[PDB]
>>> print(open('start.csv').read())   # CSV, N, CA and C atoms and all ligand atoms
chain,number,residue,atom,x,y,z
A,13,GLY,N,-4.9,-9.2,-29.6
A,13,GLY,CA,-3.9,-8.3,-29.0
A,13,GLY,C,-4.1,-8.0,-27.6
A,14,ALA,N,-3.4,-7.1,-27.0
A,14,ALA,CA,-3.5,-6.9,-25.5
A,14,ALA,C,-4.9,-6.6,-25.1
A,15,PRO,N,-5.6,-5.7,-25.8
A,15,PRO,CA,-7.0,-5.4,-25.3
A,15,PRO,C,-7.9,-6.7,-25.3
A,16,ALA,N,-7.8,-7.5,-26.3
A,16,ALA,CA,-8.6,-8.7,-26.3
A,16,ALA,C,-8.2,-9.6,-25.1
A,17,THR,N,-6.8,-9.7,-24.9
A,17,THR,CA,-6.3,-10.6,-23.8
A,17,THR,C,-6.8,-10.2,-22.4
A,18,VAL,N,-6.8,-8.9,-22.1
A,18,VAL,CA,-7.3,-8.4,-20.8
A,18,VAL,C,-8.8,-8.6,-20.7
A,19,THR,N,-9.5,-8.4,-21.9
A,19,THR,CA,-11.0,-8.7,-21.9
A,19,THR,C,-11.3,-10.1,-21.5
A,20,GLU,N,-10.6,-11.0,-22.1
A,20,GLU,CA,-10.8,-12.5,-22.0
A,20,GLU,C,-10.1,-13.2,-20.8
A,21,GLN,N,-9.1,-12.6,-20.3
A,21,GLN,CA,-8.2,-13.2,-19.3
A,21,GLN,C,-7.9,-12.4,-18.1
A,22,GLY,N,-8.5,-11.2,-18.0
A,22,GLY,CA,-8.3,-10.3,-16.9
A,22,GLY,C,-9.0,-10.6,-15.6
A,23,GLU,N,-8.6,-10.1,-14.5
A,23,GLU,CA,-9.2,-10.3,-13.2
A,23,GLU,C,-10.1,-9.1,-12.9
A,24,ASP,N,-11.3,-9.4,-12.4
A,24,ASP,CA,-12.3,-8.4,-12.0
A,24,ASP,C,-11.8,-7.9,-10.6
A,25,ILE,N,-11.5,-6.6,-10.6
A,25,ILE,CA,-11.0,-5.9,-9.4
A,25,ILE,C,-12.0,-5.0,-8.8
A,26,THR,N,-13.3,-5.0,-9.3
A,26,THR,CA,-14.3,-4.2,-8.7
A,26,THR,C,-14.9,-4.8,-7.4
A,27,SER,N,-15.3,-3.9,-6.5
A,27,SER,CA,-16.0,-4.3,-5.3
A,27,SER,C,-17.3,-5.0,-5.6
A,28,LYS,N,-18.0,-4.5,-6.6
A,28,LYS,CA,-19.3,-5.0,-7.0
A,28,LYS,C,-19.2,-6.4,-7.7
A,29,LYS,N,-18.0,-6.7,-8.2
A,29,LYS,CA,-17.9,-7.9,-9.0
A,29,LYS,C,-18.8,-7.9,-10.2
A,30,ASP,N,-18.8,-6.8,-10.9
A,30,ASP,CA,-19.6,-6.6,-12.1
A,30,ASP,C,-18.8,-6.6,-13.4
A,31,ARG,N,-17.5,-7.0,-13.3
A,31,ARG,CA,-16.6,-7.1,-14.4
A,31,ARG,C,-16.4,-5.7,-15.1
A,32,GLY,N,-16.6,-4.6,-14.4
A,32,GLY,CA,-16.5,-3.3,-15.0
A,32,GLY,C,-15.0,-2.8,-15.2
A,33,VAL,N,-14.1,-3.4,-14.4
A,33,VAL,CA,-12.7,-3.1,-14.5
A,33,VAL,C,-12.0,-4.4,-14.4
A,34,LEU,N,-11.3,-4.8,-15.4
A,34,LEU,CA,-10.5,-6.0,-15.5
A,34,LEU,C,-9.0,-5.7,-15.5
A,35,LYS,N,-8.2,-6.4,-14.9
A,35,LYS,CA,-6.7,-6.1,-14.8
A,35,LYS,C,-5.8,-7.4,-15.1
A,36,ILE,N,-4.7,-7.1,-15.7
A,36,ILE,CA,-3.6,-8.1,-15.8
A,36,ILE,C,-2.3,-7.3,-15.3
A,37,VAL,N,-1.6,-8.0,-14.4
A,37,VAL,CA,-0.3,-7.5,-14.0
A,37,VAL,C,0.7,-7.9,-15.1
A,38,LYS,N,1.3,-7.0,-15.7
A,38,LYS,CA,2.3,-7.2,-16.8
A,38,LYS,C,3.8,-7.2,-16.2
A,39,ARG,N,4.1,-6.3,-15.3
A,39,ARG,CA,5.4,-6.4,-14.6
A,39,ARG,C,5.1,-6.2,-13.2
A,40,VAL,N,5.6,-7.2,-12.4
A,40,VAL,CA,5.5,-7.2,-11.0
A,40,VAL,C,6.3,-6.1,-10.4
A,41,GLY,N,5.7,-5.3,-9.5
A,41,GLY,CA,6.4,-4.2,-8.8
A,41,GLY,C,7.1,-4.6,-7.5
A,42,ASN,N,7.4,-3.7,-6.7
A,42,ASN,CA,8.3,-3.8,-5.5
A,42,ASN,C,7.5,-4.0,-4.2
A,43,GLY,N,7.9,-5.0,-3.5
A,43,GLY,CA,7.3,-5.3,-2.1
A,43,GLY,C,5.8,-5.6,-2.2
A,44,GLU,N,5.2,-5.2,-1.1
A,44,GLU,CA,3.7,-5.5,-0.9
A,44,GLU,C,2.9,-4.3,-0.7
A,45,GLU,N,3.5,-3.1,-0.6
A,45,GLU,CA,2.7,-1.9,-0.3
A,45,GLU,C,2.0,-1.3,-1.5
A,46,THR,N,0.7,-1.0,-1.4
A,46,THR,CA,0.0,-0.2,-2.4
A,46,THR,C,-0.2,1.2,-1.9
A,47,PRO,N,-0.5,2.2,-2.7
A,47,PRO,CA,-0.7,3.5,-2.2
A,47,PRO,C,-2.0,3.6,-1.3
A,48,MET,N,-2.1,4.7,-0.5
A,48,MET,CA,-3.3,4.9,0.2
A,48,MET,C,-4.0,6.1,-0.3
A,49,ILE,N,-5.3,6.1,0.1
A,49,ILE,CA,-6.2,7.2,-0.3
A,49,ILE,C,-5.5,8.5,0.1
A,50,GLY,N,-5.6,9.5,-0.9
A,50,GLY,CA,-5.0,10.8,-0.7
A,50,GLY,C,-3.5,10.9,-1.1
A,51,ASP,N,-2.9,9.8,-1.4
A,51,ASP,CA,-1.5,9.9,-1.8
A,51,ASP,C,-1.4,10.6,-3.2
A,52,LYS,N,-0.3,11.3,-3.3
A,52,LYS,CA,0.1,11.8,-4.6
A,52,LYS,C,0.7,10.6,-5.4
A,53,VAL,N,0.1,10.2,-6.5
A,53,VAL,CA,0.6,9.1,-7.3
A,53,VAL,C,1.1,9.7,-8.7
A,54,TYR,N,2.2,9.1,-9.1
A,54,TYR,CA,2.8,9.4,-10.4
A,54,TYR,C,2.8,8.2,-11.3
A,55,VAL,N,2.2,8.4,-12.4
A,55,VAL,CA,2.0,7.3,-13.4
A,55,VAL,C,2.5,7.7,-14.8
A,56,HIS,N,2.9,6.7,-15.5
A,56,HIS,CA,2.9,6.8,-17.0
A,56,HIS,C,1.8,5.9,-17.5
A,57,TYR,N,1.2,6.3,-18.6
A,57,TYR,CA,0.1,5.5,-19.2
A,57,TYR,C,0.0,5.8,-20.7
A,58,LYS,N,-0.7,4.8,-21.3
A,58,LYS,CA,-1.2,5.0,-22.7
A,58,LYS,C,-2.6,4.5,-22.7
A,59,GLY,N,-3.5,5.1,-23.4
A,59,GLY,CA,-4.9,4.7,-23.6
A,59,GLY,C,-5.3,4.5,-25.0
A,60,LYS,N,-6.1,3.4,-25.3
A,60,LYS,CA,-6.6,3.1,-26.6
A,60,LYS,C,-8.1,2.9,-26.5
A,61,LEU,N,-8.8,3.3,-27.6
A,61,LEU,CA,-10.2,3.1,-27.7
A,61,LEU,C,-10.4,1.7,-28.3
A,62,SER,N,-11.6,1.2,-28.3
A,62,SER,CA,-12.0,-0.1,-28.8
A,62,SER,C,-11.9,-0.2,-30.4
A,63,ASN,N,-11.8,1.0,-31.0
A,63,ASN,CA,-11.5,1.0,-32.5
A,63,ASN,C,-10.0,1.0,-32.8
A,64,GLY,N,-9.1,0.8,-31.8
A,64,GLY,CA,-7.7,0.7,-32.0
A,64,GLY,C,-6.9,2.0,-31.8
A,65,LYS,N,-7.6,3.1,-31.9
A,65,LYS,CA,-7.0,4.4,-31.8
A,65,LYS,C,-6.4,4.7,-30.5
A,66,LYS,N,-5.1,5.1,-30.4
A,66,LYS,CA,-4.5,5.7,-29.2
A,66,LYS,C,-5.2,7.1,-29.0
A,67,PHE,N,-5.7,7.3,-27.8
A,67,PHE,CA,-6.3,8.6,-27.5
A,67,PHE,C,-5.5,9.5,-26.5
A,68,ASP,N,-4.5,8.9,-25.9
A,68,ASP,CA,-3.6,9.6,-24.9
A,68,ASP,C,-2.4,8.8,-24.6
A,69,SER,N,-1.3,9.5,-24.2
A,69,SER,CA,-0.1,9.0,-23.7
A,69,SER,C,0.7,10.0,-22.9
A,70,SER,N,1.0,9.7,-21.7
A,70,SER,CA,2.0,10.5,-20.9
A,70,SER,C,3.4,10.4,-21.5
A,71,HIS,N,3.8,9.2,-22.0
A,71,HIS,CA,5.1,9.0,-22.5
A,71,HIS,C,5.4,10.1,-23.6
A,72,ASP,N,4.4,10.3,-24.4
A,72,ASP,CA,4.6,11.2,-25.5
A,72,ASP,C,4.7,12.7,-25.1
A,73,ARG,N,4.4,13.0,-23.8
A,73,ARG,CA,4.5,14.3,-23.2
A,73,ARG,C,5.8,14.5,-22.5
A,74,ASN,N,6.6,13.4,-22.3
A,74,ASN,CA,7.8,13.4,-21.5
A,74,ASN,C,7.6,13.9,-20.1
A,75,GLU,N,6.5,13.6,-19.5
A,75,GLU,CA,6.2,13.9,-18.1
A,75,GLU,C,5.1,12.9,-17.6
A,76,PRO,N,5.2,12.5,-16.3
A,76,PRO,CA,4.2,11.7,-15.8
A,76,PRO,C,2.9,12.4,-15.5
A,77,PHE,N,1.8,11.6,-15.3
A,77,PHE,CA,0.5,12.1,-14.9
A,77,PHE,C,0.5,12.0,-13.4
A,78,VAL,N,0.1,13.0,-12.7
A,78,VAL,CA,0.1,13.1,-11.3
A,78,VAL,C,-1.3,13.4,-10.7
A,79,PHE,N,-1.8,12.6,-9.8
A,79,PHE,CA,-3.1,12.9,-9.2
A,79,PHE,C,-3.1,12.4,-7.7
A,80,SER,N,-4.1,12.8,-7.0
A,80,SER,CA,-4.3,12.3,-5.6
A,80,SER,C,-5.3,11.2,-5.6
A,81,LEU,N,-4.9,10.0,-5.1
A,81,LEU,CA,-5.6,8.8,-5.2
A,81,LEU,C,-6.9,8.8,-4.4
A,82,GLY,N,-8.0,8.3,-5.0
A,82,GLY,CA,-9.2,8.0,-4.3
A,82,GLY,C,-10.1,9.2,-4.1
A,83,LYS,N,-9.9,10.3,-4.9
A,83,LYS,CA,-10.6,11.5,-4.8
A,83,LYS,C,-11.4,11.9,-6.0
A,84,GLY,N,-11.6,11.0,-6.9
A,84,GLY,CA,-12.4,11.3,-8.1
A,84,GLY,C,-11.8,12.3,-9.0
A,85,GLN,N,-10.5,12.4,-9.0
A,85,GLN,CA,-9.7,13.3,-9.9
A,85,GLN,C,-9.5,12.6,-11.3
A,86,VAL,N,-9.8,11.4,-11.3
A,86,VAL,CA,-9.6,10.5,-12.5
A,86,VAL,C,-10.9,9.6,-12.6
A,87,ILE,N,-11.0,8.9,-13.7
A,87,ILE,CA,-12.1,8.0,-13.9
A,87,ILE,C,-12.1,6.9,-12.8
A,88,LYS,N,-13.3,6.4,-12.5
A,88,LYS,CA,-13.4,5.4,-11.4
A,88,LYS,C,-12.5,4.2,-11.6
A,89,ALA,N,-12.3,3.8,-12.8
A,89,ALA,CA,-11.4,2.6,-13.1
A,89,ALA,C,-10.0,2.9,-12.6
A,90,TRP,N,-9.5,4.1,-12.8
A,90,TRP,CA,-8.2,4.5,-12.3
A,90,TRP,C,-8.1,4.6,-10.8
A,91,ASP,N,-9.0,5.2,-10.2
A,91,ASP,CA,-9.0,5.2,-8.7
A,91,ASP,C,-8.9,3.7,-8.2
A,92,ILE,N,-9.8,2.9,-8.7
A,92,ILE,CA,-9.8,1.5,-8.3
A,92,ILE,C,-8.5,0.7,-8.7
A,93,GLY,N,-8.1,0.9,-10.0
A,93,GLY,CA,-7.0,0.1,-10.5
A,93,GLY,C,-5.7,0.5,-9.9
A,94,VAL,N,-5.4,1.8,-9.9
A,94,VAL,CA,-4.1,2.3,-9.3
A,94,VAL,C,-4.0,1.9,-7.8
A,95,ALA,N,-5.1,1.9,-7.1
A,95,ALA,CA,-5.1,1.5,-5.7
A,95,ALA,C,-4.6,0.0,-5.5
A,96,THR,N,-4.6,-0.8,-6.5
A,96,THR,CA,-4.2,-2.2,-6.5
A,96,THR,C,-2.7,-2.4,-6.8
A,97,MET,N,-2.0,-1.3,-7.3
A,97,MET,CA,-0.7,-1.4,-7.8
A,97,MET,C,0.4,-1.2,-6.8
A,98,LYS,N,1.5,-1.9,-7.0
A,98,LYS,CA,2.8,-1.7,-6.3
A,98,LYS,C,3.7,-0.8,-7.0
A,99,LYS,N,4.6,-0.1,-6.3
A,99,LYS,CA,5.6,0.8,-7.0
A,99,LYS,C,6.4,-0.1,-8.0
A,100,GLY,N,6.5,0.5,-9.2
A,100,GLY,CA,7.2,-0.2,-10.3
A,100,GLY,C,6.4,-1.2,-11.1
A,101,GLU,N,5.1,-1.4,-10.7
A,101,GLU,CA,4.2,-2.3,-11.4
A,101,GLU,C,3.8,-1.7,-12.7
A,102,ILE,N,3.6,-2.5,-13.7
A,102,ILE,CA,2.9,-2.2,-15.0
A,102,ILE,C,1.7,-3.1,-15.1
A,103,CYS,N,0.6,-2.6,-15.3
A,103,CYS,CA,-0.6,-3.4,-15.6
A,103,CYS,C,-1.4,-2.9,-16.8
A,104,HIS,N,-2.3,-3.8,-17.2
A,104,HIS,CA,-3.3,-3.5,-18.2
A,104,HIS,C,-4.7,-3.4,-17.5
A,105,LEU,N,-5.5,-2.4,-17.8
A,105,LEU,CA,-6.8,-2.2,-17.3
A,105,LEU,C,-7.8,-2.1,-18.5
A,106,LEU,N,-8.9,-2.9,-18.4
A,106,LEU,CA,-10.0,-2.8,-19.4
A,106,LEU,C,-11.2,-2.3,-18.6
A,107,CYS,N,-11.7,-1.1,-19.1
A,107,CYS,CA,-12.6,-0.2,-18.3
A,107,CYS,C,-13.9,-0.1,-19.0
A,108,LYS,N,-15.0,-0.7,-18.5
A,108,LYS,CA,-16.3,-0.4,-19.1
A,108,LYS,C,-16.7,1.0,-18.9
A,109,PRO,N,-17.7,1.5,-19.7
A,109,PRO,CA,-18.0,2.9,-19.6
A,109,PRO,C,-18.5,3.4,-18.3
A,110,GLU,N,-19.1,2.5,-17.5
A,110,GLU,CA,-19.7,2.9,-16.2
A,110,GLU,C,-18.5,3.2,-15.2
A,111,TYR,N,-17.3,2.8,-15.5
A,111,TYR,CA,-16.1,3.1,-14.7
A,111,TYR,C,-15.2,4.1,-15.5
A,112,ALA,N,-15.7,4.7,-16.5
A,112,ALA,CA,-14.9,5.6,-17.4
A,112,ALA,C,-15.8,6.8,-17.6
A,113,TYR,N,-16.1,7.1,-18.9
A,113,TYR,CA,-16.8,8.4,-19.3
A,113,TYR,C,-18.3,8.2,-19.6
A,114,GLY,N,-18.8,7.0,-19.4
A,114,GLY,CA,-20.2,6.7,-19.5
A,114,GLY,C,-20.8,7.1,-20.8
A,115,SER,N,-22.1,7.5,-20.8
A,115,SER,CA,-22.8,8.0,-22.0
A,115,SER,C,-22.3,9.3,-22.5
A,116,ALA,N,-21.7,10.1,-21.6
A,116,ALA,CA,-21.3,11.4,-22.0
A,116,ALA,C,-20.1,11.4,-23.0
A,117,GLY,N,-19.2,10.5,-22.8
A,117,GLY,CA,-17.9,10.5,-23.5
A,117,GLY,C,-17.1,11.7,-23.0
A,118,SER,N,-16.1,12.0,-23.8
A,118,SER,CA,-15.2,13.1,-23.4
A,118,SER,C,-14.5,13.6,-24.7
A,119,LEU,N,-14.9,14.8,-25.1
A,119,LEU,CA,-14.2,15.4,-26.2
A,119,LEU,C,-12.7,15.6,-26.1
A,120,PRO,N,-11.9,15.6,-27.2
A,120,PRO,CA,-12.5,15.4,-28.5
A,120,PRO,C,-12.5,14.0,-29.0
A,121,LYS,N,-11.9,13.0,-28.2
A,121,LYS,CA,-11.6,11.7,-28.7
A,121,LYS,C,-12.4,10.5,-28.2
A,122,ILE,N,-13.1,10.7,-27.0
A,122,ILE,CA,-13.7,9.5,-26.4
A,122,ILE,C,-15.2,9.5,-26.7
A,123,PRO,N,-15.7,8.5,-27.4
A,123,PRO,CA,-17.1,8.6,-27.8
A,123,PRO,C,-18.0,8.2,-26.6
A,124,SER,N,-19.3,8.3,-26.8
A,124,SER,CA,-20.3,7.8,-25.8
A,124,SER,C,-20.1,6.3,-25.7
A,125,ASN,N,-20.3,5.8,-24.4
A,125,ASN,CA,-20.4,4.4,-24.2
A,125,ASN,C,-19.2,3.6,-24.5
A,126,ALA,N,-18.0,4.2,-24.3
A,126,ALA,CA,-16.7,3.7,-24.7
A,126,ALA,C,-16.1,2.8,-23.7
A,127,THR,N,-15.7,1.6,-24.1
A,127,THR,CA,-14.8,0.7,-23.3
A,127,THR,C,-13.4,1.1,-23.6
A,128,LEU,N,-12.6,1.3,-22.6
A,128,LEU,CA,-11.2,1.8,-22.7
A,128,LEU,C,-10.2,0.8,-22.3
A,129,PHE,N,-9.0,0.8,-22.9
A,129,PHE,CA,-7.9,0.0,-22.6
A,129,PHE,C,-6.8,1.0,-22.1
A,130,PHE,N,-6.1,0.7,-21.0
A,130,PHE,CA,-5.0,1.4,-20.6
A,130,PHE,C,-3.8,0.4,-20.2
A,131,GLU,N,-2.6,0.9,-20.5
A,131,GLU,CA,-1.4,0.3,-19.9
A,131,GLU,C,-0.9,1.4,-18.9
A,132,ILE,N,-0.7,1.1,-17.7
A,132,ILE,CA,-0.3,2.0,-16.6
A,132,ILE,C,0.9,1.5,-15.9
A,133,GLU,N,1.9,2.4,-15.7
A,133,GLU,CA,3.0,2.1,-14.8
A,133,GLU,C,3.0,3.0,-13.6
A,134,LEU,N,3.0,2.4,-12.4
A,134,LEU,CA,3.0,3.2,-11.2
A,134,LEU,C,4.5,3.5,-10.9
A,135,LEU,N,4.8,4.8,-11.1
A,135,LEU,CA,6.2,5.2,-10.9
A,135,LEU,C,6.5,5.4,-9.4
A,136,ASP,N,5.6,6.1,-8.7
A,136,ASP,CA,5.9,6.5,-7.3
A,136,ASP,C,4.6,6.8,-6.6
A,137,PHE,N,4.6,6.8,-5.3
A,137,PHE,CA,3.5,7.3,-4.5
A,137,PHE,C,4.0,7.9,-3.3
A,138,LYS,N,3.4,9.0,-2.8
A,138,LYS,CA,3.9,9.6,-1.6
A,138,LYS,C,2.7,10.3,-0.9
A,139,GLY,N,2.7,10.2,0.5
A,139,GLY,CA,1.7,11.0,1.2
A,139,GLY,C,2.2,12.5,1.2
A,140,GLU,N,1.3,13.4,1.4
A,140,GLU,CA,1.6,14.8,1.4
A,140,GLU,C,1.6,15.3,2.9
B,201,LIG,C1,-15.0,12.1,-11.1
B,201,LIG,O1,-14.9,11.3,-12.2
B,201,LIG,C2,-14.1,11.8,-13.2
B,201,LIG,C3,-12.9,12.4,-12.9
B,201,LIG,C4,-12.1,12.9,-13.9
B,201,LIG,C5,-12.5,12.8,-15.3
B,201,LIG,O2,-11.8,13.3,-16.3
B,201,LIG,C6,-10.6,14.1,-16.0
B,201,LIG,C7,-9.4,13.2,-15.5
B,201,LIG,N1,-8.8,12.3,-16.5
B,201,LIG,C8,-8.0,12.9,-17.6
B,201,LIG,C9,-6.6,12.5,-17.5
B,201,LIG,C10,-6.4,11.1,-18.3
B,201,LIG,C11,-5.5,10.2,-17.4
B,201,LIG,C12,-6.3,9.8,-16.2
B,201,LIG,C13,-7.5,9.0,-16.6
B,201,LIG,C14,-8.4,9.9,-17.4
B,201,LIG,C15,-9.0,11.0,-16.5
B,201,LIG,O3,-9.7,10.6,-15.5
B,201,LIG,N2,-7.8,10.6,-18.5
B,201,LIG,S1,-7.9,9.7,-20.0
B,201,LIG,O4,-6.6,9.1,-20.4
B,201,LIG,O5,-9.0,8.8,-19.9
B,201,LIG,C16,-8.3,11.0,-21.1
B,201,LIG,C17,-9.6,11.5,-21.3
B,201,LIG,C18,-9.9,12.5,-22.2
B,201,LIG,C19,-8.9,13.0,-23.0
B,201,LIG,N3,-9.0,14.0,-24.0
B,201,LIG,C20,-7.8,14.3,-24.6
B,201,LIG,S2,-6.6,13.4,-23.9
B,201,LIG,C21,-7.6,12.5,-22.8
B,201,LIG,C22,-7.3,11.5,-21.9
B,201,LIG,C23,-13.7,12.2,-15.6
B,201,LIG,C24,-14.5,11.7,-14.5
B,201,LIG,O6,-15.7,11.1,-14.8
B,201,LIG,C25,-15.9,10.8,-16.2
>>> encode(input="start.csv", output="structure tokens")
Amino acid sequence: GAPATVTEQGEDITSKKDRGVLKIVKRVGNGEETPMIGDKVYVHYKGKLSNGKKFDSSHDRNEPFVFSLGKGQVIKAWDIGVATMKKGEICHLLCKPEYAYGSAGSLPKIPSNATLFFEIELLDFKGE
């Protein structure tokens, strides 16, 4: 399925080239501009654990998830991955725990040492 495919066929987008964050572009977005540090970014997403369980979805809430890029308001994989996206792009990200919740995990659903799968759509980005 999609998690296996990004694991086996994804591109390493980390600066360290340690394969901690792998990406596949599923829908090409608009133009050539990606957001910059500090921009307010609006995304839709769904996350799955490696046991197949969905652990989160903005779609199911009927509102986007909004954060300021590059400020550690989200897991490292998201700051790195969303920074590579164009407006309107949909991607898959496969996130090793060192770029996610590490040994701590995150209650109630994310265990220790969890590799996470996300589908992310970049809806919009704007400077404040
Ligand atoms: C500074 O480094 C951190 C920053 C934030 C952080 O957690 C809070 C931010 N955060 C929660 C929002 C959501 C979408 C952005 C992605 C992700 C998220 O980052 N979740 S998640 O999908 O991995 C997630 C994580 C836990 C969770 N529990 C119930 S639903 C749910 C969803 C954790 C951090 O280190 C572990």
>>> closest_residue(input="start.csv", among="A:120, A:76, A:82, A:64", to="residue 49 in chain A", atoms="only N, CA and C atoms")
A:82
>>> closest_atom_pairs(input="start.csv", of="chain A", to="ligand LIG 201 (chain B)", cutoff="7 Å", atoms="all atoms listed in the file", output="Markdown table")
| residue | atom | partner | partner_atom | distance |
| --- | --- | --- | --- | --- |
| A:58 | C | B:LIG201 | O4 | 6.5 |
| A:59 | CA | B:LIG201 | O4 | 5.7 |
| A:67 | C | B:LIG201 | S2 | 4.8 |
| A:68 | CA | B:LIG201 | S2 | 4.9 |
| A:69 | N | B:LIG201 | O4 | 6.5 |
| A:77 | CA | B:LIG201 | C11 | 6.8 |
| A:83 | C | B:LIG201 | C1 | 6.2 |
| A:84 | C | B:LIG201 | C1 | 3.8 |
| A:85 | C | B:LIG201 | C4 | 3.7 |
| A:86 | CA | B:LIG201 | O3 | 3.0 |
| A:87 | N | B:LIG201 | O3 | 2.8 |
| A:88 | N | B:LIG201 | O1 | 5.2 |
| A:90 | CA | B:LIG201 | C13 | 6.3 |
| A:111 | C | B:LIG201 | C25 | 6.8 |
| A:112 | C | B:LIG201 | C25 | 4.2 |
| A:113 | CA | B:LIG201 | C25 | 4.0 |
| A:114 | N | B:LIG201 | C25 | 5.8 |
| A:117 | C | B:LIG201 | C25 | 7.0 |
| A:118 | C | B:LIG201 | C18 | 5.3 |
| A:119 | C | B:LIG201 | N3 | 4.5 |
| A:120 | N | B:LIG201 | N3 | 4.6 |
| A:121 | N | B:LIG201 | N3 | 5.2 |
| A:122 | N | B:LIG201 | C18 | 6.0 |
>>> atom_distance(input="start.csv", atom1="CA of residue 56 in chain A", atom2="CA of residue 133 in chain A")
5.2 Å
>>> select_by_dssp(input="start.csv", residues="chain A", states="strand (DSSP E or B)", output="PyMOL selection string")
chain A and resi 23-24+33-39+52-61+66-69+77-80+102-107+118+122+128-138
>>> closest_residue(input="start.csv", among="A:18, A:54, A:92, A:25", to="residue 80 in chain A", atoms="only C-alpha atoms")
A:54
>>> atom_distance(input="start.csv", atom1="atom N of residue 78 in chain A", atom2="atom C of residue 116 in chain A")
22.7 Å
>>> atom_distance(input="start.csv", atom1="CA of residue 33 in chain A", atom2="atom N of residue 132 in chain A")
13.1 Å
>>> closest_residue(input="start.csv", among="A:32, A:47, A:41, A:13", to="residue 138 in chain A", atoms="all atoms listed in the file")
A:47
>>> closest_residue(input="start.csv", among="A:96, A:124, A:42, A:70", to="residue 57 in chain A", atoms="only N, CA and C atoms")
A:70
>>> residues_near_point(input="start.csv", point="(2.5, 0.6, -5.5)", cutoff="9 Å", atoms="only C-alpha atoms", output="JSON, numbers by chain")
{"A": [41, 42, 43, 44, 45, 46, 47, 53, 94, 95, 96, 97, 98, 99, 100, 101, 134, 135, 136, 137]}
>>> closest_residue(input="start.csv", among="A:123, A:140, A:103, A:109", to="residue 40 in chain A", atoms="all atoms listed in the file")
A:103
>>> closest_residue(input="start.csv", among="A:91, A:74, A:106, A:62", to="residue 20 in chain A", atoms="only C-alpha atoms")
A:106
